[PDB]
Amino acid sequence: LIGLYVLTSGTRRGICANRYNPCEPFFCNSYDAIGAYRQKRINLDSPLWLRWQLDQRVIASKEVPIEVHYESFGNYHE
Amino acid sequence: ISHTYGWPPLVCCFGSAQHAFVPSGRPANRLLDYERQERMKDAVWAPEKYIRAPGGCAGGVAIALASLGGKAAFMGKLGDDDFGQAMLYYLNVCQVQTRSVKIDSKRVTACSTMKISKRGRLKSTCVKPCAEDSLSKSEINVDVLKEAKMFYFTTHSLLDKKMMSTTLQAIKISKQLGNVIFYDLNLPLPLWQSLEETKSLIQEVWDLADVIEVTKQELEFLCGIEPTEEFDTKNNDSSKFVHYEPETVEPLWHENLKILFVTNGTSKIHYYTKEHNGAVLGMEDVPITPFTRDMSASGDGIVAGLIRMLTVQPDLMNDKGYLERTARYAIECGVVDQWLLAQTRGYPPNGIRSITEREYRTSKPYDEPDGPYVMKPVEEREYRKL
Amino acid sequence: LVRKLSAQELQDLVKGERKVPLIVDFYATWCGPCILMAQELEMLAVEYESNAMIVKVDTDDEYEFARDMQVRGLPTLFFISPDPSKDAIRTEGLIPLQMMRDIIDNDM
Amino acid sequence: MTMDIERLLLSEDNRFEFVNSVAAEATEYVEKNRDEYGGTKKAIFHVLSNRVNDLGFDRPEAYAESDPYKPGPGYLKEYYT
Amino acid sequence: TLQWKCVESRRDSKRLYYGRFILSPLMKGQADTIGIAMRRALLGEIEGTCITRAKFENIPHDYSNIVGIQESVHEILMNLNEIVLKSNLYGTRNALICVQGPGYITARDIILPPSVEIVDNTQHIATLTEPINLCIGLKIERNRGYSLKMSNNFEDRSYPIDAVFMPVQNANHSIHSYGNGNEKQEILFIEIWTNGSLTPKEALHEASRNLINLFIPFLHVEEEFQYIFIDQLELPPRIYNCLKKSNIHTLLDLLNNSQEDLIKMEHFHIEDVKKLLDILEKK
Amino acid sequence: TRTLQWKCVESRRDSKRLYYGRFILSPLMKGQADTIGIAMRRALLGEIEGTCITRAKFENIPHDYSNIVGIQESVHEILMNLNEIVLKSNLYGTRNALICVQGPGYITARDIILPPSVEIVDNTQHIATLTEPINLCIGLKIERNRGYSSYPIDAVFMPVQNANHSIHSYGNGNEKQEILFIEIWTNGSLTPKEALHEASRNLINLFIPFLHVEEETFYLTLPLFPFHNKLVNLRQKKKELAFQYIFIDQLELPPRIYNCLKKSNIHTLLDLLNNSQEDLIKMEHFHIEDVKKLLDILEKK
């Protein structure tokens with residue numbers, strides 16, 4: 001149970017992640033991210049972005065976007 | 001059909017496919033830790049006199065190159081007898097391309113009919129050459145030469161006058177199809193006398209070569225440098241491994257020569273270009289047995305390493321960094337090939353008898369009842385007083 | 001037994017006459033395959049006890065005679081017939097025993 | 001075989017009658033061919049693999065498999081606990 | 001005798017090769033050491049070839065999307081990150097994509113430097129709707145897995161691509177032990193997964209050679225007063241008071257300080273050094 | 001001269017049976033130091049062989065827990081003293097040695113009569129104390145082995161007592177180079193420098209088997225000869241050679257066809273036969289127009 005807890009305790013957040021108020025790697029698939037971890041390029045709890053090619057099945061707080069960046073050509077980032 | 005040509009580029013090795021055949025052997029110095037040798041003398045075999053062979057035949061270089069992940073084709077002729085078919089089988093299993101191998105039903109592999117004179121001093125004057133001396137110009141596989149990006153050959157193919165003309169024809173055709181010409185000297189035993197004969201014999205092929213590899217002993221012989229360093233002395237003094245200045249090898253230079261490689265075994269490899277020159281230190285403390293003592297496996301491994309590097313980056317033939325890397329890669333290939341051959345062949349104890357190195361390093365029990373290391377009866381004891 | 005000979009001993013042995021084929025094994029001490037060839041030749045010498053004679057010449061000692069015999073490398077065997085009209089056979093490299101038996105019977 | 005047993009039990013109304021029927025079929029195998037069972041081929045394993053094959057699926061006979069890398073006779077594979 | 005063999009091989013796709021290998025017979029404890037070393041060599045010591053930088057020519061206005069291209073700039077970079085290559089190149093070379101207009105841009109459309117080859121020709125790059133010309137310059141490198149940062153050249157609007165150099169996707173080893181009485185014997189299995197830029201058998205060979213090259217260099221050769229204290233010595237007050245200033249009490253500490261060190265401390269003169277040596281010679 | 005160098009930076013002799021050495025290797029690429037360090041550590045602690053006394057034979061002793069008149073120590077204490085004696089040898093095999101002494105006095109390791117292949121490391125190592133002019137004859141057996149194991153003596157063959165390594169950054173990230181240090185402690189049967197060289201050689205011999213040809217590559221010292229003997233056997237009882245030993249190189253195929261078959265790893269005649277006609281079309285550049293000309297060559301063969 002301790003091994004799973006340590007494994008899934010994610011990244012440090014907020015004032016525990018940055019000394020100062022701020023006023024990460026992108027991986028194409030999960031195997032590239034795990035391979036970078038094996039080569040000691042990232043740590044077990046270092047945050048990363050994962051390209052997701054399935055449906056949106058991530059358990060998360062039911063919240064609206066923090067920010068929407070809306071380009072005048074029609075693309076928007078939530 | 002150049003759209004069907006793959007990577008790495010094909011290399012055509014031209015000449016003879018012999019079995020454990022050595023052209024020559026010269027006294028040599030190798031880098032060695034002599035403190036270790038004294039400590040391990042009772043367990044590590046060493047020759048009384050260190051004599052190194054330049055390498056083997058064109059067939060062995062093809063086999064060594066195929067072992068490095070290269071693409072090698074062997075161009076030659078074998079007889080249709082059982083020995084010729086066994087050698088063809090050995091080349092195919094080693095993944096050497098043998099579509100450039102001509103099988104001769106009329107000639108015999110590894111056998112020549114000589115006419116020995118019984119009048120004055122003994123002479124031989126070959127009459128009917130062996131199968132691997134009878135490749136004709138009509139039998140050259142031009143398709144292989146079209147695909148191949150490098151053409152490799154050695155002096156053994158210049159010894160027979162009929163074989164020499166075929167080698168010259170193959171070289172000239174390969175130059176036309178834009179192949180790099182790699183000339184590996186490997187000077188055969190008769191040529192080591194009468195330097196003037198050697199120069200006349202190799203002069204034409206020498207000027208057509210883009211890359212040349214010689215041993216340090218061969219370079220000294222062609223340059224008229226009499227060996228002045230010591231041999232078989234327990235030190236690694238730098239006079240045994242001297243990097244000759246470029247002007248010392250300038251008389252051998254010609255207009256189209258790109259690189260000259262000078263080998264001192266896996267101990268040291270020197271390189272010379274028009275602009276650059278240098279040397280790379282190696283390692284020659286490999287396991288050696290009486291069956292592998294001439295170090296010909298290293299020479300084939302070294303040349304195969306040079307060929308492999310030069311063919312995959314052919315535009316880097318003058319980059320000094322790539323040349324240093326190429327020389328170090330050749331040293332490693334020679335070391336591994338020598339190391340493997342000791343394991344395969346083993347030690348002396350087709351009736352051929354060999355033992356492993358574990359058996360070679362196993363001592364006798366010293367349990368002789370008369371001997372001083374066992375428990376005698378109470379009669380003959382001589383209890384040593386303390 | 002395989003006997004070591006000089007160039008003058010071999011000249012006296014070739015110019016003379018014999019009733020069995022003569023095998024001359026050019027060798028050197030520094031050559032690994034020549035040691036393996038020595039093992040094959042002593043097995044052959046036992047098979048053909050008196051039916052043949054096997055001799056060896058050190059090419060380092062006799063480089064003049066090795067060259068005049070057109071030895072181009074090592075190992076090298078000469079199979080010399082006792083019939084003067086028959087021609088000798090030069091083999092190069094480590095050849096299997098059956099080839100030597102074939103040479104001795106079929107053409108020597 | 002664990003998944004196969006669960007597969008067979010999905011077609012059974014009562015798991016206790018399934019156990020009895022398998023044992024009854026296994027008893028018949030041993031009487032029919034006594035010497036073939038008790039070693040590498042176990043009768044109960046034969047019954048289960050036969051019943052999976054009767055559904056149209058394919059399984060090796062009695063789930064029997066052997067190590068192909070055994071270094072000759074006398075050698076036992078040793079288990080790392 | 002110790003021998004190796006391939007017991008399983010498979011090619012699921014052009015970018016998925018699997019191989020299983022056996023090495024036997026090994027003495028106790030040898031298989032673990034070989035398996036550990038080979039696995040580490042397979043995962044980071046084998047050089048792979050990857051696209052490391054992309055540069056969109058024609059001044060595409062530095063936006064997040066390009067007119068005529070269905071995919072955004074970032075998605076093109078992600079697609080380029082996934083293209084499997086093999087090569088023998090030394091240093092770095094440039095490749096180029098130059099596509100006329102509508103259709104599918106794939107790895108087939110990359111113009112490659114001499115030694116570089118493409119493994120899966122059908123790998124997708126971009127969907128082009130309008131008949132626009134797209135011109136992307138690429139940077140191709142060959143690096144080790146455990147390797148490092150290539151020194152930045154950051155201008156001309158070349159987007160970096162964080163490539164993970166791993167031609168070997170995965171590697172594992174297991175050990176079987178056998179015995180007949182007192183005679184033990186272990187067998188080593190090695191499993192290798194590659195992305196098609198290399199066969200599993202070829203990866204096994206390169207890992208062994210790279211390991212051997214790491215250990216050859218070790219075989220290289222080269223061309224050819226405690227119980228005597230300052231107080232018991234009849235020293236002048238100035239000398240003694242200065243010696244305690246540096247926490248020196250025993251004569252071992254006095255002899256553990258160089259003549260240069262003795263001068264550096266405050267209020268010690270050259271004549272003072274001589275007097276100490278004169279007394280030292282007297283005992 | 002060499003770019004990558006190694007050197008002993010410290011070599012110390014703590015006692016006759018405790019040697020210390022520290023070595024440096026630099027500059028290394030990132031990750032290479034970790035690979036070398038763990039492999040070297042495992043080889044040093046687990047792959048280096050030693051030699052020591054494996055058993056002792058006593059002349060007039062009931063059991064190993066008795067006492068002898070004239071010896072201060074007991075029989076069991078003697079065996080422990082024999083177990084701690086450090087020997088060196090490069091050769092294998094069960095050797096025998098002898099202790100044949102007359103008291104009174106101090107029996108040490110220098111009183112052992114050793115066979116010519118074996119040497120003592122520490123003369124002063126204590127075996128027994130004799131307080132009476134008695135006769136003591138003890139036979140010994142000696143072996144060179146790995147790991148650990150008349151009266152048997154529990155031999156621990158390993159000569160490396162401990163090892164350590166550290167990895168340090170060489171400097172600015174030109175190529176993030178690293179520096180490796182290796183520390184070795186031995187029992188004097190070999191120096192730390194010799195242990196470092198033996199571990200390197202042992203490691204190479206563990207990795208080089210993968211560079212031999214795969215098992216069952218050649219038909220079964222000189223791998224060419226068995227296939228030749230097969231041909232001699234085939235010549236008698238005229239039988240001809242099987243298609244698995246015939247390679248496509250010996251068929252007169254056009255070069256475009258040959259390159260396609262080799263690209264698909266079809267090497268022998270039997271490999272080509274097992275391929276159907278649909279599979280060959282699946283290969284690029286090999287089409288239906290090429291089947292008939294290839295079939296005709298095989299038809300003619």
# chains A, B, ... in the order shown; residues from 1 in each chain; ligands from 1

$ interface_residues --of "chain A" --to "chain F" --cutoff "12 Å" --atoms "only C-alpha atoms" --output "VMD selection string"
chain A and resid 38 to 41

$ write_last_selection --atoms "C-alpha atoms" --output "PDB file, in the first residue's frame"
ATOM      1  CA  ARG A  38      14.236   5.173 -17.190  1.00  0.00           C
ATOM      2  CA  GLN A  39      17.002   7.352 -18.650  1.00  0.00           C
ATOM      3  CA  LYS A  40      16.828   9.577 -15.530  1.00  0.00           C
ATOM      4  CA  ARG A  41      15.645  12.537 -17.607  1.00  0.00           C
TER       5      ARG A  41
END

$ residues_around --residues "residue E:174" --least-positions-apart "6" --cutoff "8 Å" --atoms "only C-alpha atoms" --output "PyMOL selection string"
chain E and resi 35+188-190

$ write_last_selection --atoms "N, CA and C atoms" --output "PDB file, in the first residue's frame"
ATOM      1  N   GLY E  35      22.801  -9.653 -16.842  1.00  0.00           N
ATOM      2  CA  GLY E  35      21.498  -9.085 -17.140  1.00  0.00           C
ATOM      3  C   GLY E  35      21.387  -7.627 -16.744  1.00  0.00           C
ATOM      4  N   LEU E 188      20.338 -17.658 -18.547  1.00  0.00           N
ATOM      5  CA  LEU E 188      19.948 -16.260 -18.635  1.00  0.00           C
ATOM      6  C   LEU E 188      19.071 -16.040 -19.861  1.00  0.00           C
ATOM      7  N   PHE E 189      17.912 -15.425 -19.651  1.00  0.00           N
ATOM      8  CA  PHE E 189      17.036 -14.988 -20.727  1.00  0.00           C
ATOM      9  C   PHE E 189      17.066 -13.470 -20.805  1.00  0.00           C
ATOM     10  N   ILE E 190      17.095 -12.938 -22.023  1.00  0.00           N
ATOM     11  CA  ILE E 190      17.067 -11.499 -22.252  1.00  0.00           C
ATOM     12  C   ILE E 190      15.998 -11.199 -23.294  1.00  0.00           C
TER      13      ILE E 190
END

$ residues_around --residues "stretch 63-66 of chain A" --least-positions-apart "6" --cutoff "12 Å" --atoms "only C-alpha atoms" --output "PyMOL selection string"
chain A and resi 76-78

$ closest_residue --among "F:206, F:232, F:71, F:18" --to "residue F:134" --atoms "only C-alpha atoms"
F:71

$ select_by_dssp --residues "chain A" --states "strand (DSSP E or B)" --output "PyMOL selection string"
chain A and resi 26-27+49-50+69-70+76-77

$ write_last_selection --atoms "N, CA and C atoms" --output "mmCIF file, in the first residue's frame"
data_model
loop_
_atom_site.group_PDB
_atom_site.id
_atom_site.type_symbol
_atom_site.label_atom_id
_atom_site.label_comp_id
_atom_site.auth_asym_id
_atom_site.auth_seq_id
_atom_site.Cartn_x
_atom_site.Cartn_y
_atom_site.Cartn_z
ATOM 1 N N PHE A 26 6.777 17.901 -22.856
ATOM 2 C CA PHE A 26 5.642 17.320 -23.558
ATOM 3 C C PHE A 26 6.060 15.964 -24.105
ATOM 4 N N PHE A 27 5.211 14.959 -23.922
ATOM 5 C CA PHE A 27 5.486 13.613 -24.404
ATOM 6 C C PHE A 27 4.387 13.179 -25.357
ATOM 7 N N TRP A 49 3.318 16.994 -19.455
ATOM 8 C CA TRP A 49 2.124 16.993 -20.282
ATOM 9 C C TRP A 49 2.137 15.749 -21.151
ATOM 10 N N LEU A 50 1.013 15.051 -21.192
ATOM 11 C CA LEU A 50 0.877 13.832 -21.973
ATOM 12 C C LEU A 50 -0.154 14.061 -23.066
ATOM 13 N N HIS A 69 -7.817 30.835 -23.704
ATOM 14 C CA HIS A 69 -7.041 31.664 -24.618
ATOM 15 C C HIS A 69 -7.632 31.510 -26.011
ATOM 16 N N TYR A 70 -8.227 32.581 -26.510
ATOM 17 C CA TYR A 70 -9.038 32.566 -27.717
ATOM 18 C C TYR A 70 -8.339 33.390 -28.794
ATOM 19 N N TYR A 76 -9.097 28.106 -29.884
ATOM 20 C CA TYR A 76 -9.068 28.481 -28.479
ATOM 21 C C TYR A 76 -8.550 27.335 -27.623
ATOM 22 N N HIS A 77 -7.785 27.694 -26.594
ATOM 23 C CA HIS A 77 -7.182 26.756 -25.658
ATOM 24 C C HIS A 77 -7.880 26.880 -24.315
#

$ closest_residue --among "B:203, B:136, B:363, B:296" --to "residue B:61" --atoms "only C-alpha atoms"
B:296

$ interface_residues --of "chain A" --to "chain E" --cutoff "7 Å" --atoms "only C-alpha atoms" --output "list in words"
residues 28, 32, 36 and 39 of chain A

$ interface_residues --of "chain F" --to "chain B" --cutoff "6 Å" --atoms "only C-alpha atoms" --output "JSON, numbers by chain"
{"F": [91, 92, 93, 95, 97, 98, 100, 101, 102, 221, 228, 249]}

$ write_last_selection --atoms "N, CA, C and O atoms" --output "mmCIF file, in the first residue's frame"
data_model
loop_
_atom_site.group_PDB
_atom_site.id
_atom_site.type_symbol
_atom_site.label_atom_id
_atom_site.label_comp_id
_atom_site.auth_asym_id
_atom_site.auth_seq_id
_atom_site.Cartn_x
_atom_site.Cartn_y
_atom_site.Cartn_z
ATOM 1 N N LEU F 91 46.619 -20.704 -10.705
ATOM 2 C CA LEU F 91 46.195 -21.958 -11.308
ATOM 3 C C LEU F 91 45.017 -22.570 -10.556
ATOM 4 O O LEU F 91 44.747 -22.249 -9.398
ATOM 5 N N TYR F 92 44.320 -23.472 -11.242
ATOM 6 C CA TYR F 92 43.197 -24.212 -10.691
ATOM 7 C C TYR F 92 43.641 -25.607 -10.259
ATOM 8 O O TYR F 92 44.774 -26.030 -10.494
ATOM 9 N N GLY F 93 42.726 -26.332 -9.633
ATOM 10 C CA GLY F 93 42.941 -27.706 -9.229
ATOM 11 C C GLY F 93 43.169 -27.847 -7.735
ATOM 12 O O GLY F 93 43.650 -26.930 -7.060
ATOM 13 N N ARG F 95 45.191 -28.730 -4.877
ATOM 14 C CA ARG F 95 46.571 -28.933 -4.473
ATOM 15 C C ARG F 95 46.605 -29.481 -3.052
ATOM 16 O O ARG F 95 45.626 -29.403 -2.309
ATOM 17 N N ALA F 97 49.236 -29.523 0.525
ATOM 18 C CA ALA F 97 50.376 -28.959 1.232
ATOM 19 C C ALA F 97 50.525 -29.690 2.561
ATOM 20 O O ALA F 97 49.710 -30.546 2.914
ATOM 21 N N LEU F 98 51.567 -29.351 3.314
ATOM 22 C CA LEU F 98 51.928 -30.149 4.477
ATOM 23 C C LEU F 98 52.473 -29.287 5.602
ATOM 24 O O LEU F 98 53.191 -28.312 5.365
ATOM 25 N N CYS F 100 54.689 -30.357 8.867
ATOM 26 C CA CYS F 100 55.401 -31.448 9.538
ATOM 27 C C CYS F 100 56.460 -30.804 10.425
ATOM 28 O O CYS F 100 57.527 -30.412 9.944
ATOM 29 N N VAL F 101 56.155 -30.683 11.718
ATOM 30 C CA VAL F 101 56.955 -29.888 12.637
ATOM 31 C C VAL F 101 57.178 -30.658 13.931
ATOM 32 O O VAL F 101 56.432 -31.577 14.278
ATOM 33 N N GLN F 102 58.221 -30.255 14.652
ATOM 34 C CA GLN F 102 58.526 -30.762 15.984
ATOM 35 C C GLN F 102 58.633 -29.586 16.942
ATOM 36 O O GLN F 102 59.314 -28.599 16.645
ATOM 37 N N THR F 221 36.776 -26.366 -33.024
ATOM 38 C CA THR F 221 38.082 -25.746 -33.224
ATOM 39 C C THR F 221 38.164 -25.110 -34.608
ATOM 40 O O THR F 221 38.596 -23.971 -34.749
ATOM 41 N N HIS F 228 32.645 -30.218 -44.419
ATOM 42 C CA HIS F 228 33.399 -30.923 -45.448
ATOM 43 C C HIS F 228 33.242 -32.431 -45.306
ATOM 44 O O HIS F 228 33.049 -33.139 -46.302
ATOM 45 N N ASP F 249 22.288 -17.317 -53.596
ATOM 46 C CA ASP F 249 23.445 -16.766 -54.292
ATOM 47 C C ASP F 249 23.903 -17.669 -55.429
ATOM 48 O O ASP F 249 24.505 -17.190 -56.397
#

$ interface_residues --of "chain F" --to "chain C" --cutoff "12 Å" --atoms "only C-alpha atoms" --output "compact mmCIF listing (two decimals) with N, CA, C and O atoms, in the first residue's frame"
# COMPACT_ATOMS: atom_id res chain seq x y z
N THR F 221 36.78 -26.37 -33.02
CA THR F 221 38.08 -25.75 -33.22
C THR F 221 38.16 -25.11 -34.61
O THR F 221 38.60 -23.97 -34.75
N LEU F 222 37.74 -25.86 -35.63
CA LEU F 222 37.72 -25.38 -37.01
C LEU F 222 36.33 -25.66 -37.57
O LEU F 222 36.06 -26.75 -38.09
N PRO F 223 35.41 -24.69 -37.48
CA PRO F 223 34.01 -24.95 -37.85
C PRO F 223 33.80 -25.29 -39.32
O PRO F 223 32.70 -25.72 -39.68
N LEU F 224 34.81 -25.09 -40.18
CA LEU F 224 34.67 -25.44 -41.59
C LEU F 224 34.69 -26.96 -41.79
O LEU F 224 33.99 -27.48 -42.67
N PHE F 225 35.47 -27.68 -40.99
CA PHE F 225 35.74 -29.09 -41.26
C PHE F 225 34.52 -30.01 -41.17
O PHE F 225 34.40 -30.90 -42.03
N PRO F 226 33.63 -29.91 -40.17
CA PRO F 226 32.50 -30.85 -40.13
C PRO F 226 31.61 -30.83 -41.37
O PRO F 226 31.13 -31.89 -41.78
N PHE F 227 31.39 -29.67 -41.99
CA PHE F 227 30.59 -29.66 -43.22
C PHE F 227 31.32 -30.34 -44.37
O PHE F 227 30.67 -30.95 -45.22
N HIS F 228 32.65 -30.22 -44.42
CA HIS F 228 33.40 -30.92 -45.45
C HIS F 228 33.24 -32.43 -45.31
O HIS F 228 33.05 -33.14 -46.30
N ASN F 229 33.33 -32.94 -44.07
CA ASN F 229 33.16 -34.37 -43.85
C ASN F 229 31.77 -34.83 -44.23
O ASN F 229 31.58 -35.98 -44.64
N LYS F 230 30.77 -33.96 -44.09
CA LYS F 230 29.43 -34.29 -44.57
C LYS F 230 29.41 -34.48 -46.08
O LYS F 230 28.72 -35.36 -46.59
N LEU F 231 30.16 -33.64 -46.80
CA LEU F 231 30.20 -33.75 -48.26
C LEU F 231 30.90 -35.03 -48.71
O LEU F 231 30.48 -35.66 -49.68
N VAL F 232 31.98 -35.42 -48.02
CA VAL F 232 32.63 -36.69 -48.34
C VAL F 232 31.66 -37.84 -48.15
O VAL F 232 31.60 -38.76 -48.98
N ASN F 233 30.88 -37.80 -47.08
CA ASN F 233 29.87 -38.83 -46.85
C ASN F 233 28.79 -38.80 -47.92
O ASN F 233 28.28 -39.85 -48.32

$ residues_around --residues "stretch 129-134 of chain E" --least-positions-apart "6" --cutoff "7 Å" --atoms "only C-alpha atoms" --output "PyMOL selection string"
chain E and resi 68-70+98-103

$ write_last_selection --atoms "N, CA, C and O atoms" --output "mmCIF file, in the first residue's frame"
data_model
loop_
_atom_site.group_PDB
_atom_site.id
_atom_site.type_symbol
_atom_site.label_atom_id
_atom_site.label_comp_id
_atom_site.auth_asym_id
_atom_site.auth_seq_id
_atom_site.Cartn_x
_atom_site.Cartn_y
_atom_site.Cartn_z
ATOM 1 N N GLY E 68 -4.181 26.586 -44.583
ATOM 2 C CA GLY E 68 -4.087 25.431 -45.441
ATOM 3 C C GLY E 68 -3.717 24.139 -44.739
ATOM 4 O O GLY E 68 -3.965 23.062 -45.293
ATOM 5 N N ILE E 69 -3.143 24.213 -43.541
ATOM 6 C CA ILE E 69 -2.755 23.029 -42.780
ATOM 7 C C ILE E 69 -3.812 22.776 -41.718
ATOM 8 O O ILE E 69 -4.101 23.652 -40.893
ATOM 9 N N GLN E 70 -4.377 21.568 -41.731
ATOM 10 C CA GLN E 70 -5.376 21.197 -40.737
ATOM 11 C C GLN E 70 -4.800 21.234 -39.325
ATOM 12 O O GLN E 70 -5.442 21.744 -38.400
ATOM 13 N N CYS E 98 9.479 19.592 -48.459
ATOM 14 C CA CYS E 98 9.063 20.598 -49.436
ATOM 15 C C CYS E 98 7.898 20.018 -50.234
ATOM 16 O O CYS E 98 8.111 19.322 -51.231
ATOM 17 N N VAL E 99 6.674 20.317 -49.807
ATOM 18 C CA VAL E 99 5.470 19.708 -50.362
ATOM 19 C C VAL E 99 4.650 20.778 -51.071
ATOM 20 O O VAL E 99 4.474 21.886 -50.551
ATOM 21 N N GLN E 100 4.150 20.442 -52.265
ATOM 22 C CA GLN E 100 3.542 21.448 -53.132
ATOM 23 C C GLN E 100 2.208 21.948 -52.588
ATOM 24 O O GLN E 100 1.963 23.158 -52.551
ATOM 25 N N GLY E 101 1.321 21.041 -52.181
ATOM 26 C CA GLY E 101 -0.024 21.440 -51.834
ATOM 27 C C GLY E 101 -0.875 20.356 -51.205
ATOM 28 O O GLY E 101 -0.418 19.592 -50.349
ATOM 29 N N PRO E 102 -2.138 20.267 -51.629
ATOM 30 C CA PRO E 102 -3.100 19.419 -50.915
ATOM 31 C C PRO E 102 -2.717 17.949 -50.974
ATOM 32 O O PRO E 102 -2.141 17.471 -51.953
ATOM 33 N N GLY E 103 -3.049 17.234 -49.904
ATOM 34 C CA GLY E 103 -2.742 15.832 -49.749
ATOM 35 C C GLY E 103 -2.140 15.563 -48.390
ATOM 36 O O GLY E 103 -2.165 16.410 -47.491
#

$ closest_residue --among "F:213, F:297, F:87, F:138" --to "residue F:159" --atoms "only C-alpha atoms"
F:87

$ atom_distance --atom1 "atom CA of residue C:3" --atom2 "atom CA of residue B:45"
26.1 Å

$ closest_atom_pairs --of "chain B" --to "chain C" --cutoff "7 Å" --atoms "only C-alpha atoms" --output "tab-separated table"
residue	atom	partner	partner_atom	distance
B:18	CA	C:93	CA	6.4
B:19	CA	C:93	CA	5.3
B:20	CA	C:93	CA	5.6
B:21	CA	C:93	CA	4.7
B:22	CA	C:74	CA	5.3
B:23	CA	C:73	CA	4.5
B:24	CA	C:73	CA	6.2
B:51	CA	C:30	CA	6.2
B:110	CA	C:91	CA	5.6
B:111	CA	C:91	CA	4.8
B:112	CA	C:90	CA	5.4
B:113	CA	C:89	CA	5.0
B:114	CA	C:88	CA	5.5
B:115	CA	C:87	CA	5.6
B:116	CA	C:88	CA	6.8
B:118	CA	C:15	CA	6.2
B:122	CA	C:68	CA	6.7
B:123	CA	C:68	CA	5.2
B:124	CA	C:69	CA	5.1
B:188	CA	C:72	CA	6.1
B:189	CA	C:72	CA	5.4
B:190	CA	C:67	CA	5.6
B:290	CA	C:32	CA	5.5
B:291	CA	C:32	CA	3.9
B:292	CA	C:32	CA	4.9
B:293	CA	C:32	CA	5.4
B:294	CA	C:31	CA	5.4
B:350	CA	C:97	CA	4.9
B:351	CA	C:40	CA	5.3
B:352	CA	C:39	CA	5.7
